[PDB]
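Order of the sequence lines fixes the chain letters, A, B, ..., with proteins taken first and strands second; residue numbering starts at 1 for each chain. Values below: every heavy atom of this structure, side chains too, minus hydrogens, waters and symmetry copies.
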Amino acid sequence: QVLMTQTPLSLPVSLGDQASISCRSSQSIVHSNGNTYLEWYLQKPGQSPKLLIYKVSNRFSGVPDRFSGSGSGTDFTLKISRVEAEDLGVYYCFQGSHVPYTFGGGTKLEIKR
Amino acid sequence: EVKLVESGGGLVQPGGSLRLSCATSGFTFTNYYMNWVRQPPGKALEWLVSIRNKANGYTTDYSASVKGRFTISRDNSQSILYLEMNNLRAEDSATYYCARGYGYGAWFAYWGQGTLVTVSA
Ligand SMILES: O=C(O)CCCN/C=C1/N=C(c2ccccc2)OC1=O
């Protein structure tokens, strides 16, 4: 089981600030076909998860371009350049390269008090 | 256009069983991967089962956790995904979600609203 370590657990932000979430796989995540199936998800309160980025870096259609993903080896980062109220929720990174497929523990992006 | 609607959750005592359903429309079913993911009330999304499209022989892959207790299947005539769950227990109580892949290389590009499963008498 490839472990996905997500950090931080809680990321308090102010609307309009940049924000970075990171992941850390315990082994390579390169599928045998060559692709790295690393995606990012966003679960808003009460809603079902939504696909943000796939294959480490490809922003899914319809997703605000303030979202972007990157990384190499076992380090992956999901960046939000300008946090909007609608971006508040729980983010999950996920690897779908090696079985069993694995999510990170989640990162709660919330309003900073 | 793309629709996924789960159904089959409920309240059940330990050791019992249920069959989840995932009705879909808006796309040619047989050509996409389908999956079941659950989220216990605290907690983190957890991948459970997955089944590929026709071009991949409808191959499946299970999470050890539900191995030999859960079984996924798909009715291609009706475009419906199912999940037979046996010998249920506390750690199985959660919201279950069905999801379909993306042709450009993504799992769970679309999710159903999910149904609830509560175990514990
Ligand atoms: O996008 C096209 O219209 C569709 C035809 C076939 N696309 C199949 C799909 N390919 C995959 C998929 C999912 C995870 C890793 C790599 C590929 O999931 C799908 O459902």
Side-chain angles (χ1 to χ4, degrees), chain A residues 1-7 9-10 21 23 25 29-63 67 69 78 89-108, chain B residues 1-7 9 20 22 24 32-53 55-56 59-68 70 72 94-116:
Chain A
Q1 175 167 289
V2 178
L3 293 196
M4 302 300 263
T5 308
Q6 225 174 293
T7 279
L9 290 60
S10 290
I21 292 180
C23 270
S25 70
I29 292 307
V30 185
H31 184 86
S32 80
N33 68 4
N35 302 287
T36 295
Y37 296 118
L38 183 109
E39 355 212 289
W40 284 93
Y41 290 86
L42 163 56
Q43 176 170 52
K44 292 181 56 52
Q47 286 194 181
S48 58
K50 289 158 292 300
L51 204 205
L52 296 175
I53 307 283
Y54 58 95
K55 284 203 292 168
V56 195
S57 147
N58 296 271
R59 171 166 52 66
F60 189 62
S61 53
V63 181
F67 290 102
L78 188 254
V90 183
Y91 290 75
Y92 292 92
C93 89
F94 162 85
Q95 71 78 32
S97 299
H98 304 127
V99 183
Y101 306 150
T102 298
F103 295 90
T107 298
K108 186 182 172 74
Chain B
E1 300 180 0
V2 168
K3 284 240 86 188
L4 303 169
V5 183
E6 301 92 343
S7 43
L20 302 306
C22 172
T24 72
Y32 302 75
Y33 288 32
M34 295 298 301
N35 311 281
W36 279 109
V37 175
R38 70 187 187 184
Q39 182 170 56
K43 336 314 192 175
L45 273 4
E46 195 200 334
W47 166 78
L48 302 184
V49 211
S50 178
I51 183 166
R52 287 168 247 268
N53 56 12
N56 278 283
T59 298
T60 66
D61 264 305
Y62 298 71
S63 172
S65 53
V66 306
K67 192 76 174 61
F70 286 19
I72 192 179
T95 288
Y96 285 67
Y97 294 99
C98 105
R100 106 140 150 55
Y102 188 33
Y104 298 88
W107 297 92
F108 336 140
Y110 299 80
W111 302 63
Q113 39 70 39
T115 48
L116 187 70

Apply the test side-chain contact (heavy atoms from CB on, under 4.5 Å) to residues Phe94(A) and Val37(B): give CA-CA distance (whole Å), side-chain angles for both, the deciding distance (0.1 Å), then the verdict.
-> CA-CA 12 Å; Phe94(A) 162 85; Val37(B) 175; over 6 Å; no
Any chance the rings of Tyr101(A) and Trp107(B) have centres within less than 6.0 Å?
->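 Yes, close enough.
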Ring centroid separation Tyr104(B) to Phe60(A) under 6.0 Å =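 Between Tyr104(B) and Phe60(A), the centre distance exceeds or equals 6.0 Å.
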Between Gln43(A) and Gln39(B), a side-chain donor and acceptor under 3.5 Å |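 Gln39(B) and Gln43(A) do have a side-chain donor-acceptor pair below 3.5 Å.
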Based on non-hydrogen pairs under 4.5 Å, which of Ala64(B), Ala109(B), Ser63(B), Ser65(B) is most in contact with chain A?
->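 Option with the top pair count is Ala109(B).
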Proximal component of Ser61(A), with respect to chain B [non-hydrogen, under 4.5 Å] =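 Contact with chain B: side chain only.
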Considering only heavy atoms from C-beta outward, does the side chain of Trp111(B) approach that of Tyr41(A) to under 4.5 Å?
->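 Heavy-atom side-chain distance check passes, below 4.5 Å.
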Give, as side chain, backbone, both or neither, the part of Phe108(B) having an atom under 4.5 angstrom from any heavy atom of chain A.
->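 Both parts, heavy atoms under 4.5 Å.
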How long is the span from the OH atom in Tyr102(B) to the CG atom in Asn58(A), to the nearest 0.5 Å?
->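 Answer for the OH-CG pair, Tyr102(B) versus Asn58(A), is 9.0 Å.
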Between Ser48(A), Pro49(A), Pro100(A), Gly96(A), the one whose heavy-atom pairs under 4.5 Å with chain B are most numerous =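 The answer is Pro49(A).
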Where is the tightest heavy-atom contact between [X] and [Y], given as atom of each residue plus distance?
| X | Y | value |
| --- | --- | --- |
| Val99(A) | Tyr62(B) | CG1-O, 4.2 Å |
| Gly104(A) | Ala44(B) | O-CB, 4.0 Å |
| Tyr54(A) | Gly105(B) | CD1-O, 3.7 Å |

Check the surroundings of atom NZ in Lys43(B): do more than 12 heavy atoms from other residues, nucleotides or ligands lie under 6.0 Å from it?
->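 No, the 6.0 Å shell around NZ holds no more than 12 heavy atoms from other groups.
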